[PDB]
Protein chains: 4
Amino acid sequence: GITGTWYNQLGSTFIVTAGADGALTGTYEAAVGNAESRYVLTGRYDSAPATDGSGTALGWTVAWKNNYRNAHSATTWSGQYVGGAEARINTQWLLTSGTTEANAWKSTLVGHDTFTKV
Amino acid sequence: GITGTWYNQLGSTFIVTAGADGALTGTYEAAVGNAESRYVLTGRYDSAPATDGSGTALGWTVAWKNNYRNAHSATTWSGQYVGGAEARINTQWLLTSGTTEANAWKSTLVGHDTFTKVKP
Amino acid sequence: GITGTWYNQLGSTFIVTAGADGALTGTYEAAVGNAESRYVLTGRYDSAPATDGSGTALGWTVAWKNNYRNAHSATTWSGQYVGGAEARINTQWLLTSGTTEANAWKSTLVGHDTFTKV
Amino acid sequence: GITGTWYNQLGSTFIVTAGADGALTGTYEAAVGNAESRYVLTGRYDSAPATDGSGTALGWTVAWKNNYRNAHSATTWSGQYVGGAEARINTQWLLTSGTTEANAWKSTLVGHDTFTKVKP
Ligand SMILES: O=C(O)CCCC[C@@H]1SC[C@@H]2NC(=O)N[C@@H]21
Ligand SMILES: O=C(O)CCCC[C@@H]1SC[C@@H]2NC(=O)N[C@@H]21
Ligand SMILES: O=C(O)CCCC[C@@H]1SC[C@@H]2NC(=O)N[C@@H]21
Ligand SMILES: O=C(O)CCCC[C@@H]1SC[C@@H]2NC(=O)N[C@@H]21
């Protein structure tokens, strides 16, 4: 359900596997920002959701270091999986950059991504 | 280092290991909310931070299901580690509950947690 | 440009006037939550924006008290106006409810609204 | 009350008047960022809060244009006032810069400011 390949509105690629233990594992390729190639992602999802037409709560993290570049930053996406034939993961995110203490007030960006399954 | 046992301003306990190449693995025990006992967490951190005085970017996720309870929700914390005599993890977090599509506008709480290794 | 009537994806109605001094004034009618009828809004916008294809920064607040109900809560929308023939105000928001100190960790909801001019 | 002169943890000065029926009117002087001197602010607050111990919901906006500078940005603070011997305004804020549509994903900073009437 969650497992598979997804793209968001920015053109980024999310490849994820949902494990029976509630683990999310995969890779993220961002189409924008201080990024190239694939980054490891790890996260968690509700592996026994409500069956009431509620989405499945999940989240994951990328630290923007790979063996090609390092942006000294990390994003977390928090959201829910909405199943069916046109599956979606609807998220909000927090992108924190490492900063000096004096600059910490401007460390974190916030946004929202919608992911479509392919 | 990041590895260790941390406490936030609500009294919740964050036990984590920082793997050499960027993993965060541990458990989270919340002192408030629809939760008891420990929950699995996973995340990532910058395993080669800048050497200019900046903190270490990191984040992690908890889905609030364990053998005791299931709140049908997940929190992600996004922040940075600040080393020093009084090491600190400063975060902002997003707590998404599963909801119907309709109620999705009120699905996500936002807040901020600071962590230190000082037991309450 | 900004002045006029707007609706968002939830079906809420935003009626605003942009003053020459950078003031935003108007009324908000929410289609969801603990709300009925029109609420006062006040806000600010950049009254001398960049002319570079950058949007116009703005924000506004509603306290969810009117002479019909009171939700003991307030939303702020922060975002930018994107002009032209299909004008949009793209926003993120923070909805804080009054809470006891022990409950303050769960005081604030976050989301995002897109407004279309009519 | 909410009316008065407030300072946050960055040292920025928030001078506000709470109108009887819900207005917030004042000035904001930021101690960090692309700003100097005072900026106009406006907002709203709950003029009949609950009587159970809860805080007073409020919010306000600053667009960062004044006679000295224009950062082409706006911040909104959303929070609540907590009365008591050490009154406090606890907020979360969103700072949106104008950007092209393309760069809109990195247009908005989020943070948290606490305010008290204690001068730094
Ligand atoms: O610039 C950085 O520090 C690293 C890349 C950040 C890319 C961000 S993560 C949130 C948003 N969603 C995407 O697919 N890309 C951006
Ligand atoms: O209530 C739930 O849905 C699960 C528990 C949520 C606890 C939240 S996570 C953010 C904040 N930080 C904490 O230590 N606890 C709360
Ligand atoms: O429930 C409340 O406390 C008052 C109504 C809140 C309505 C919210 S404000 C953010 C979002 N955008 C809308 O048009 N409605 C909701
Ligand atoms: O840099 C800008 O675009 C304008 C100044 C921003 C100052 C920010 S607003 C949030 C935070 N709280 C403060 O008192 N200052 C910063």
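Order of appearance sets the numbers: ligands from 1, and atoms from 1 within every ligand. Sequence lines set the chain letters: A, B, ... in the order given, protein chains first and strands last, and positions in each chain run from 1. Below, all heavy atoms of this structure are taken into account, side chains as well, without hydrogens, waters or symmetry copies.
- The main-chain N or O of D/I2 is found under 3.5 Å from a side-chain atom of D/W6 such that the two form a donor-acceptor pair.
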Return a table of N or O atom pairs, ligand 2 on one side and protein on the other, at distances under 3.5 Å, rounded to 0.1 Å.
| unit_1 | atom_1 | unit_2 | atom_2 | d |
| --- | --- | --- | --- | --- |
| ligand 2 | 1 (O) | B/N34 | N | 2.9 |
| ligand 2 | 3 (O) | B/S73 | OG | 2.9 |
| ligand 2 | 12 (N) | B/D113 | OD2 | 2.7 |
| ligand 2 | 14 (O) | B/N8 | ND2 | 2.9 |
| ligand 2 | 14 (O) | B/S12 | OG | 2.4 |
| ligand 2 | 14 (O) | B/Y28 | OH | 2.7 |

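- Checked against side chain to side chain donor-acceptor pair (under 3.5 Å), A/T100 has the following partners two or more places apart in sequence or in another chain: A/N103.
- In terms of heavy atoms, C/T76 sits closest to D/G59 at CG2-CA, 3.8 Å.
- Proximity of a side-chain donor or acceptor of B/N70 to a complementary backbone N or O of A/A48 within less than 3.5 Å is detected.
- For the side-chain hydrogen bond (donor to acceptor under 3.5 Å, both in side chains) with C/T75, the lone residue among C/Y39, C/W64, C/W93 that qualifies is C/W64.
- Relative ring orientation between C/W60 and C/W77 is described as parallel, the plane-to-plane angle staying below 30° on a 0-90° scale split at 30° and 60°.
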